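Undergrad: Residue numbers (the authors' numbering), protein chains in the order written: chain A, 12 to 250, 260 to 313, 325 to 836; chain A', 12 to 250, 260 to 313, 325 to 836. A prime marks a further copy of an entry chain. Cβ atoms here follow ideal geometry from the backbone N, Cα and C, with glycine treated the same way.
Number of protein chains: 2
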Amino acid sequence: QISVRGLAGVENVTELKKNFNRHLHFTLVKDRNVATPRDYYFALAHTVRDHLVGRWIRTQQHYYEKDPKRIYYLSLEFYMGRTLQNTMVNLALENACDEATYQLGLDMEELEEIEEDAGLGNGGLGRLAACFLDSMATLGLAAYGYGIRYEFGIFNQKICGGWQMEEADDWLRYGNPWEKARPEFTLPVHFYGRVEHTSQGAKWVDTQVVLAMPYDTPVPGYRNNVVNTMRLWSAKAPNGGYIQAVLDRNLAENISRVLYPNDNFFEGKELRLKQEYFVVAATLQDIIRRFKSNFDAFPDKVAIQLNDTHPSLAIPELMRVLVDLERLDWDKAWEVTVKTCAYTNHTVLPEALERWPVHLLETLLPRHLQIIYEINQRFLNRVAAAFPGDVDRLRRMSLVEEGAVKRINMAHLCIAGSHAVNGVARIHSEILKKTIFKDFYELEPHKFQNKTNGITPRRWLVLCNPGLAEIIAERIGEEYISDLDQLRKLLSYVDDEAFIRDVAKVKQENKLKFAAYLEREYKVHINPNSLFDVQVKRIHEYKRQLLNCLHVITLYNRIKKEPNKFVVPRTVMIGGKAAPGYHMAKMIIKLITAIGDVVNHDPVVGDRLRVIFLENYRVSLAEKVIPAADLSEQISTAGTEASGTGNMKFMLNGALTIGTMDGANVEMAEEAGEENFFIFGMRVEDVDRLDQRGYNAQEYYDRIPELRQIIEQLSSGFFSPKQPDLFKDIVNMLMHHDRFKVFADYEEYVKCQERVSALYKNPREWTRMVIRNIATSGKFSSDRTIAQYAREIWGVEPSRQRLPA
Amino acid sequence: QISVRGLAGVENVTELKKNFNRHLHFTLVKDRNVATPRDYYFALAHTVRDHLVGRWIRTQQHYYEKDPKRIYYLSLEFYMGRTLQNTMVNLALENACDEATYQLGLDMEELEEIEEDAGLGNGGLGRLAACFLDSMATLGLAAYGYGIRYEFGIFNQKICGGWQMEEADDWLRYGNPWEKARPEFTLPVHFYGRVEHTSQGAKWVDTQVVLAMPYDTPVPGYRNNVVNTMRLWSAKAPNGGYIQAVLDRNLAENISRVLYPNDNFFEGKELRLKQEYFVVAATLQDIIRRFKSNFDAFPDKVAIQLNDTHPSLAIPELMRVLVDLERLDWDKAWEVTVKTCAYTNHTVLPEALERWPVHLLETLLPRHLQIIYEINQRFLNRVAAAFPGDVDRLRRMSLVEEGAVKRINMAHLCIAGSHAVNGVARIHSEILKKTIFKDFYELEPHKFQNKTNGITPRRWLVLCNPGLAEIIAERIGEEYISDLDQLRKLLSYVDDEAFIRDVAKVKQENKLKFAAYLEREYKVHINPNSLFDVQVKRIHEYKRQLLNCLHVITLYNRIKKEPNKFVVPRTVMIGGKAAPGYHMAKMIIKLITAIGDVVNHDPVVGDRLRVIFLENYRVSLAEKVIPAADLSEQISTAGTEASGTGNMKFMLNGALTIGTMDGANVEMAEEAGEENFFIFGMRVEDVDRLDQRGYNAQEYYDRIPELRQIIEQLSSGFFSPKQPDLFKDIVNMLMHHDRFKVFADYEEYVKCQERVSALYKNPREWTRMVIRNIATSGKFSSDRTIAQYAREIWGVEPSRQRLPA
Ligand SMILES: O=C(N[C@@H]1Cc2ccccc2NC1=O)c1cc2cc(Cl)sc2[nH]1
Ligand SMILES: O=C(N[C@@H]1Cc2ccccc2NC1=O)c1cc2cc(Cl)sc2[nH]1
Ligand SMILES: Cc1ncc(COP(=O)(O)O)c(C)c1O
Ligand SMILES: Cc1ncc(COP(=O)(O)O)c(C)c1O
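Following this line, the structure appears as structure tokens:
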């Protein structure tokens with residue numbers, strides 16, 4: 012069996028079994044005769060959960076007495092996934108549980124498949140939060156994750172008639188064994204009301220209260236005995261007629277009901293604003309109380336990291352508390368606030384920027400608006416002094432945006448109230464300084480940093496790709512698991528026939544296992560001897576699933592033109608959710624399935640090309656498909672993807688990347704060598720030049736016969752005979768309203784895809800290049816990222832020293 | 012210590028402690044340093060809960076293989092109270108837990124005070140359901156309780172400015188250690204839709220589904236190793261825009277949200293009808309499936336007991352299922368149904384009768400209405416044949432009621448679709464036959480029975496009055512605990528000086544403990560050397576808390592007239608909830624407090640009379656005040672209280688009763704001797720005679736100067752100087768619209784109260800009479816009642832044989 016999954020200690024197995032059987036009887040109230048695989052999964056989950064407890068108590072108590080600086084990671088999303096396997100891995104219990112369940116006549120992997128994702132995020136930002144909690148525990152940081160316990164996470168996606176359908180993600184249906192309710196640490200949050208300016212200052216009164224009930228989930232570090240805490244707040248009513265009043269409690273409880281499924285788009289829903297304030301206010305009460313267990328030392332004991340502008344109200348909230356309740360002078364309080372807070376920016380796309388209507392803030396959060404105006408005044412006073420007479424800089428830098436409706440720019444608030452501002456990869460971090468926050472960079476250059484994203488090599492290697500983890504371990508030991516730069520040592524195996532063999536063998540095993548999953552779960556058949564070409568990520572125009580579609584159609588039309596000409600077989604897989612209200616994204620999902628309907632049923636094509644849409648892409652599913660992937664599609668328009676992290680997943684798991692010089696793709700290529708990446712298309716510079724003279728898609732259509740053909744297939748109704756004009760909006764958009772310049776990268780992309788195939792025809796040289804990629808993915812460990820946060824922002828030293836027993 | 016609470020086994024205590032400490036660590040995730048009394052209560056609850064599990068599995072499996080007839084107790088209410096103490100008592104674990112907690116430095120009674128009531132009932136009917144589940148387990152019956160898991164039970168009553176305020180009863184706030192969720196046994200219930208009459212018969216289609224999620228609570232028998240099941244169903248949504265759709269799931273989930281606080285009043289709310297169908301449909305699916313694990328044998332394997340008309344839809348539901356889904360012929364199905372179902376009637380008051388609008392049933396439950404019309408037709412066909420040409424009997428007996436709005440009489444449906452119909456005490460059961468269901472009794476006399484109510488001597492003696500239980504045990508052993516007629520043996524101790532001493536000593540201890548509770552919990556001071564005179568029960572005109580008020584005012588006015596004349600000191604206590612919309616009941620609560628405001632602050636009165644309103648009367652509080660009570664107020668207007676059961680509580684716990692010849696008061700007096708009860712006022716016969724010539728309260732006012740005085744105190748504003756006419760509605764009602772003839776029993780009552788005092792001045796003879804009452808309360812055991820149900824209705828033999836280990 013696999014040594015990286017640890018020891019199956021004889022007494023450990025015995026004890027595991029005993030405790031499994033104990034929970035089944037006492038916790039589940041079952042005999043082996045009525046018990047289902049779900050009961051078996053939960054008995055395991057409880058048994059495994061018990062091993063966290065001693066460390067969870069010991070860790071938190073150890074922070075109480077060492078009194079290190081506390082890091083508070085505020086996020087509206089934690090995209091956690093399942094936790095059974097992760098717990099076993101970080102606790103060295105995996106092989107032991109596997110044996111114990113084996114002796115009881117159970118298949119542990121089958122049991123793991125019953126666990127529901129905690130899918131309390133939308134995409135990258137949400138998952139980064141999750142990898143970050145993991146890496147902070149593994150680096151021995153006294154770090155707390157602080158969010159919302161959504162009753163419903165990211166919608167369950169079904170595909171019906173080729174179309175996405177949304178169903179509620181009822182993830183707490185059968186209970187959550189991993190969380191611990193702390194109803195005794197419940198806290199009041201206030202909304203609405205108004206401000207009384209009197210004698211000991213301002214007073215926020217006549218508010219409506221919503222209670223915040225914390226639920227704590229354990230966050231285990233990798234084999235270091237550290238167990239940190241994720242605290243997620245749940246909304247509760249405080250204590260028409262009686263019945264209606266009792267039923268109307270739902271209204272306040274709706275605050276924590278459901279994750280907003282808008283990935284990188286701003287919607288301006290009040291219920292969202294309530295969700296943001298809810299998490300901010302409850303969290304800060306916790307931070308202060310725990311601090312108190325004078326505020327000059329506050330930034331020496333407290334860091335607040337803002338995952339985007341979503342918890343940006345933490346800035347006026349802290350000020351409110353310090354000034355109104357603690358009665359600090361404004362200036363004192365503001366020094367404290369800025370040194371406490373730092374802000375992570377995740378995207379440059381204007382429509383994802385949070386700009387809340389002033390009337391809304393005035394109504395829901397009156398005292399916060401006042402405070403925000405006062406912040407603006409003093410901040411623009413600073414601008415004016417540093418740049419005398421520069422009036423336009425003033426209106427550009429202003430927290431307040433003028434227009435038919437006045438709004439507050441929440442990014443501006445964050446920069447003003449934070450000592451550090453970071454982007455999430457080098458290219459993105461620089462553009463913040465150069466253009467989009469150029470003015471702020473000019474006022475305070477020292478605020479601006481880079482922290483290039485990362486993924487945890489626990490989840491994203493050991494967990495999901497134990498076969499790859501094992502052949503690496505066979506060569507270089509297990510230290511790389513929490514020291515991922517050691518993967519560099521694998522470059523020395525690039526001519527090693529055993530390693531070349533094993534790497535290819537591991538990938539083929541992962542492909543077989545994925546095929547089996549699709550057959551099991553969907554009765555979908557995929558050609559195992561095909562290049563698995565995978566684009567998985569949220570469905571957006573900027574991510575250009577449509578470019579991928581153009582290519583797929585290109586391959587189909589080329590096959591039909593020259594049927595007799597050999598092409599490398601491909602299974603092209605696309606997966607990802609569209610926001611329920613983004614019509615275009617939903618049209619693109621349908622187009623993917625509609626291409627499959629033609630392509631996958633053409634006898635002339637047979638098994639040399641398949642196109643399939645992976646339903647319900649989510650963390651658990653990523654862990655299945657990514658280790659199976661040959662080609663990693665990372666084809667955003669240059670300038671549009673701040674970083675990405677799926678890109679990193681694929682690199683770590685033995686896929687080659689086809690991509691643009693966008694986001695962290697650039698650094699990955701730098702790390703591996705551009706010779707070892709399929710880089711294509713416009714650079715940022717070329718996109719800009721095209722914007723200066725204006726993007727005319729018609730030029731590209733008039734000069735490329737293959738593209739012209741595809742577009743006429745779409746228009747004429749070749750991919751929807753029953754509904755000839757089904758795809759007119761997509762055609763119109765591409766021809767006349769394409770913000771992401773799909774046609775401009777078509778040729779370079781198709782050519783680059785030809786090189787991909789060319790290489791794939793040479794298995795040895797494909798695998799050698801893959802080795803060059805794995806060996807060089809170390810930079811993309813989230814431990815690396817978190818240690819830069821710790822040293823460059825939070826001002827804490829990380830550590831991988833074991834806590835005792 | 013107390014031997015009736017069992018043995019503190021040395022290894023048992025050791026093990027208890029171990030397991031207490033185990034749960035505190037693994038279940039509560041606490042160290043002894045952060046732990047609160049609430050954590051300590053839950054560690055105990057888990058520790059004690061573990062002792063049910065083996066018996067719960069063993070009991071249910073034993074029913075599977077013995078395959079006895081299953082009893083299904085359908086009730087919209089189970090008024091359970093707390094379960095920690097009850098579990099320890101029935102498991103002989105009380106003294107042991109007390110010692111174990113003692114060795115850990117904890118007071119177990121203090122820990123018990125943290126447990127929230129399961130207050131999922133309103134009053135008598137709800138509590139009878141609870142005593143019944145207990146007695147069925149103790150009699151070894153394969154009995155299932157089937158109801159609704161209300162998110163909110165009976166409202167928490169606060170008193171503010173003398174007025175009742177209602178607050179949500181958030182009883183699941185900190186978790187329910189006692190219940191076990193069975194989400195895997197979730198079931199669909201259908202609403203709305205319409206009927207297709209085709210080929211394999213009718214088809215109910217286009218329904219809206221609400222899921223029913225069962226939660227199972229253990230029901231422990233008294234020391235017989237039996238643990239039966241209470242199954243309570245919780246409403247769940249099945250799987260505007262996305263967000264609103266997810267939020268709109270609340271609407272269906274509102275079905276199980278809150279108990280309707282209408283005690284003995286019919287309101288006609290659709291949400292109520294949904295609650296009734298919900299419980300009926302989910303329950304019957306369970307019954308059928310479990311039966312299947325041909326339907327001629329169905330009544331030999333299934334009894335359905337209907338606790339009032341609330342689950343009366345079980346009758347058309349069973350028919351629906353048998354006919355539409357199982358495709359039995361109508362007649363076959365109807366024979367099955369009638370032999371399965373029996374109906375318990377709880378009140379004769381017309382306004383508590385369920386008569387649902389036909390339009391409502393047509394809309395929510397179309398197929399049920401059809402079936403109900405068909406039932407009516409065939410049933411009235413039977414009437415017509417048995418009573419040819421009797422047309423008015425036809426419209427009187429009809430399930431269908433004519434009027435501006437046509438309704439279905441649910442009582443009529445129950446009698447028609449049930450093989451037995453019972454009242455809840457002898458007098459009530461006879462009046463059903465004589466008058467109110469005279470016509471049905473004449474068609475089918477053999478259907479009509481009596482089952483006089485009872486209370487469990489576990490909860491209502493051993494649990495709540497361990498001191499009384501112990502001195503009884505000292506004389507006659509412990510067999511009486513499940514064989515309550517053995518209390519008769521105590522009549523031989525009526526001249527026993529040790530027993531007389533102990534009985535009085537026990538009561539004084541209970542009074543001290545109650546005083547302490549009021550001082551602790553409310554800083555209310557009561558004179559311990561006073562006669563404790565207690566009227567506790569739901570606030571209603573028929574129960575005549577106002578008569579009690581007249582008396583209290585009488586005593587105050589008599590004191591003030593002759594200050595120097597000795598009177599036996601009294602603390603008069605009134606407690607009970609008013610329905611949020613019953614204005615008059617709410618006015619009566621205020622009047623009680625307002626009398627206290629004058630009386631309790633008159634220096635001339637000092638501590639010789641106090642009037643206090645016991646806030647939040649509920650099962651746990653009954654267990655505190657009833658063992659403390661000297662005088663038990665049971666003063667309903669004759670003819671109006673079908674049985675009562677609080678009356679029985681008081682008799683069992685050493686109070687004397689002042690009462691009318693109403694409900695089970697009559698049988699209690701018969702059991703004890705009328706010499707041993709303070710019986711007063713009109714009998715049913717006198718009430719009737721007064722109705723024939725018309726009740727004129729003015730006569731009573733014009734002939735009784737003391738009454739006249741009190742009424743002028745009310746009118747003139749003596750009990751509300753700030754608001755002189757506060758009590759005008761109460762005055763007007765009593766003078767001109769009194770349905771319950773308060774003035775007609777005033778004189779007899781006041782005189783009878785004089786005899787009460789006369790006796791109380793002779794402690795020995797008071798206690799001897801109390802002995803005569805306790806000794807004769809055996810008939811009022813719910814085991815007795817349940818065994819009559821088992822033998823006379825269900826057709827099963829009860830048993831007190833131990834199940835093994
Ligand atoms: O949910 C937990 N415990 C509760 C406590 C409770 C209180 C009242 C009623 C029932 C229960 N049952 C539990 O399992 C729980 C224990 C642990 C240990 C963890 Cl590590 S994460 C975690 N959650
Ligand atoms: O609530 C119980 N067990 C659950 C099972 C579960 C499933 C998923 C997630 C967490 C948990 N925790 C429990 O305590 C539970 C066990 C028992 C034993 C009883 Cl007797 S009454 C009773 N309730
Ligand atoms: C489920 C899920 N969604 C989104 C992402 C981010 O991927 P990308 O960088 O391709 O948008 C990841 C890594 C993932 O696990
Ligand atoms: C809390 C509670 N309410 C109501 C009742 C019934 O009492 P009564 O027969 O006096 O209405 C009881 C016994 C009780 O425990």
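1. Could you check if residue 469 of chain A is buried or exposed, using at least 16 other CB atoms within 10 Å of its CB as the buried criterion?
2. For residue 813 of chain A' and residue 142 of chain A', which I take to be in contact (beta-carbon distance under 8 Å), what is that distance rounded to the nearest angstrom?
3. Under 9 Å, Cβ to Cβ, is there at least one residue of chain A near residue 850 of chain A'?
4. Within 8 Å, do at least three Cβ pairs link the segment 717-737 of chain A to the segment 684-698 of chain A?
5. Should residue 98 of chain A' and residue 199 of chain A' be called a contact, given that it needs their Cβ atoms to be closer than 9 Å?
6. If the criterion is Cβ atoms closer than 9 Å, does the pair residue 91 of chain A' and residue 129 of chain A' meet it?
7. Give me the subset of the segment 157-186 of chain A' whose CB atoms are less than 8 Å from a CB atom of chain A, sorted by chain position.
8. Secondary structure at residue 189 of chain A, three-state DSSP: helix, strand or coil?
9. Please state whether DSSP places residue 156 of chain A in a helix, a strand or coil.
10. Please decide whether residue 782 of chain A counts as near chain A', where near means a Cβ-Cβ distance under 9 Å.
11. Counting only runs of 4+ residues fully inside the segment 338-391 of chain A', write out the alpha helix (DSSP H) ranges in chain order.
12. Counting only the same chain and skipping the five closest in sequence on each side, list residues whose C-beta sits under 8 Å from that of residue 150 of chain A'.
13. When every heavy atom of ligand 2 is checked, does at least one fall within less than 8 Å of the C-beta of residue 45 of chain A?
14. Show which residues of chain A have a CB atom less than 9 Å away from the CB atom of residue 261 of chain A'.
15. Please identify the residue among A/303, A/271, A/304, A/302 whose C-alpha is closest to the C-alpha of residue 290 of chain A.
16. Run through DSSP, which three-state label would residue 797 of chain A get?
17. How many Å lie between residue 527 of chain A and residue 559 of chain A at the Cα?
18. Return the residues of the segment 361-374 of chain A' that lie within a Cβ-Cβ distance of less than 8 Å from chain A, sorted by chain order.
19. Where does residue 807 of chain A land, buried or exposed, given buried means 16+ other C-beta within 10 angstroms?
20. Report yes if the C-beta distance between residue 239 of chain A' and residue 383 of chain A' is below 9 Å; otherwise report no.
21. Counting contacts by CB-CB distance shorter than 9 Å, is residue 511 of chain A in contact with chain A'?
22. Note down, one range per segment and in chain order, each alpha helix (DSSP H) of at least 4 residues found wholly within the segment 634-682 of chain A.
23. Between residue 494 of chain A and residue 805 of chain A, how many whole angstroms is the CB-CB distance? I'm expecting something under 8 Å.
24. Measuring straight from C-alpha to C-alpha, what distance separates residue 613 of chain A' and residue 465 of chain A'?
25. Could you name the residues of chain A that residue 153 of chain A' contacts, counting a contact when the two beta carbons are closer than 9 Å?
26. Quick check: does the Cβ of residue 677 of chain A come within less than 8 Å of any heavy atom belonging to ligand 4?
27. Ligand 1 heavy atoms versus the CB of residue 803 of chain A: any closer than 8 Å?
28. Smallest Cα separation from residue 328 of chain A: which of A/78, A/549, A/163?
TA: In short:
1. exposed
2. 4 Å
3. Chain A' is shown from 12 up to 836; residue 850 of chain A' falls before or after that span and cannot be answered.
4. no
5. no
6. yes
7. 163, 166, 167, 177, 178, 179, 181, 184, 185, 186
8. coil
9. strand
10. no
11. 345-351, 361-371
12. 232, 814, 817, 818, 821, 829, 830, 831
13. no
14. 611, 612
15. A/271
16. helix
17. 26 Å
18. none
19. buried
20. no
21. no
22. 650-656
23. Not really, about 16 Å apart at Cβ, beyond 8 Å.
24. 31 Å
25. By Cβ distance, chain A contributes nothing, its closest Cβ being about 17 Å from residue 153 of chain A', past 9 Å.
26. no
27. no
28. A/78
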